[PDB]
Structure formats: C-alpha cells, structure tokens
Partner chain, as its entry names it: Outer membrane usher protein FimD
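A single chain comes next, written as structure tokens; it is the form deposited without its partner chain.
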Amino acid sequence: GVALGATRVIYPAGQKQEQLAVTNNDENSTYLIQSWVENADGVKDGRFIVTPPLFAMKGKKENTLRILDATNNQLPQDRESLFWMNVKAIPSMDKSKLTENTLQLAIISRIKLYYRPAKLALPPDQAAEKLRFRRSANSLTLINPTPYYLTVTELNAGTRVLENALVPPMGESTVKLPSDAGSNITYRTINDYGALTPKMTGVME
C-alpha cells in the first residue's frame, strides 16, 4: 500500500542525495508519510536520513522524498551494505495525541534500499551469475555469500515458478520448492538502475 516511486530503490554511490517519489491510488484520503531507515535489522538507525522524512500530503499528489548520506560510520568495503527504507504511511494520522497507543491506521509500505559505492572488485553484471542456488525436496536456498547484493525476481526452478526474494548480506535465503524441481534455474534480477532484467539463466550448484 501507498504507490511510492518504485517498489525497490538503489543508492549507486549516491554521494549527495537520491530521491523516491510518493503517490497514492485513492484520491480522497490524505496520507502522512513517515520515513525511517533501518540497519537491515529493522532497528531505526540514522545511518540514513530522509528529507523531508515526515510530511502530510493529499493522497493523489506527488511528494518526493530525498534520501541522503548520513553513514560516515566505517561501512565495509570487503562487502557492501543493505538498508530497509521503511515508510509508515498513515491515511491521515488523526487519533494519535495521547489516545491509547493502538492506532491500527498505518499502511507500513516497508521498502528495501541498496547502498553501493561499487568499489568492490566483484564484476556487478556477473553478481547475479555467482549468486548460487541449492535445490531440495522442499526448498530452494538462494546463496549470496558474495559481497555485492542483487535482487532475484520471479525465480524459475525446473518445473516450477517461484516468488520474489531479497538478498541477505553475505548469506543465504530460502524460497519454497516442490519435491520435483528440475536442474534448470533462471530468473530476472534488479540491476543498479532499477532495471529489471530480461529473462536470464541462473546458477545452481
């Protein structure tokens, strides 16, 4: 819920500030966008700040967020970094001035944000071609123990078609797989421009 400029956002050596639009589907309801960024842990750490981080707008409008460098914290270079760019978007946050703490109204849009100064020696086109896969009679583990982080969208594994997933940092994720799943894997990915790729082949081992 809420129609932000994208469903996924990238900071390719943003080295100033980037942007993310906000719009709505409905045109009656007003919204209160309340961005915060999180250290992949869902802890809100001001390693990123947003500007305006906090606004109301009328739902059918645009109001862009800009998202700017507040890291400076000795981020790694032997691997990259991943953020969650959470937005509580309340369709008008009335009934939150000391009236209990149980206002359900919160379309938390929960977006993901990549960081990459891209100063790793890993060739970023091949990042998706060294994301390994391990198939089982229940699961398909995504294997991103690589330093770079790329998205895998619409994973096809043998005789089955699977969900979108996101990459954990230098680690493995899992999606559902049947007790059939042939030895072909293919997928689309999100490259650093937000370019959802053509159908590309994929790399189990």
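Residue numbers count along the first chain shown, from 1.
A second form of this protein, the form deposited with its partner chain bound, is not displayed here; the remarks below concern that form.
Listed residues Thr159, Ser136, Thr174, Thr51 were compared with its partner chain in the deposited bound form; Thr51 is the one with a heavy atom within 4.5 Å. Contact between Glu62 and its partner chain in the deposited bound form is found at the 4.5 Å heavy atom cutoff.
By the criterion of a heavy atom within 4.5 Å, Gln17 is counted among the residues contacting its partner chain in the deposited bound form. Although the partner is absent here, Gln34 is a contact residue: one of its heavy atoms lies within 4.5 angstroms of its partner chain in the deposited bound form. Interface membership of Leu68, defined by any non-hydrogen atom within 4.5 Å of its partner chain in the deposited bound form, is confirmed.
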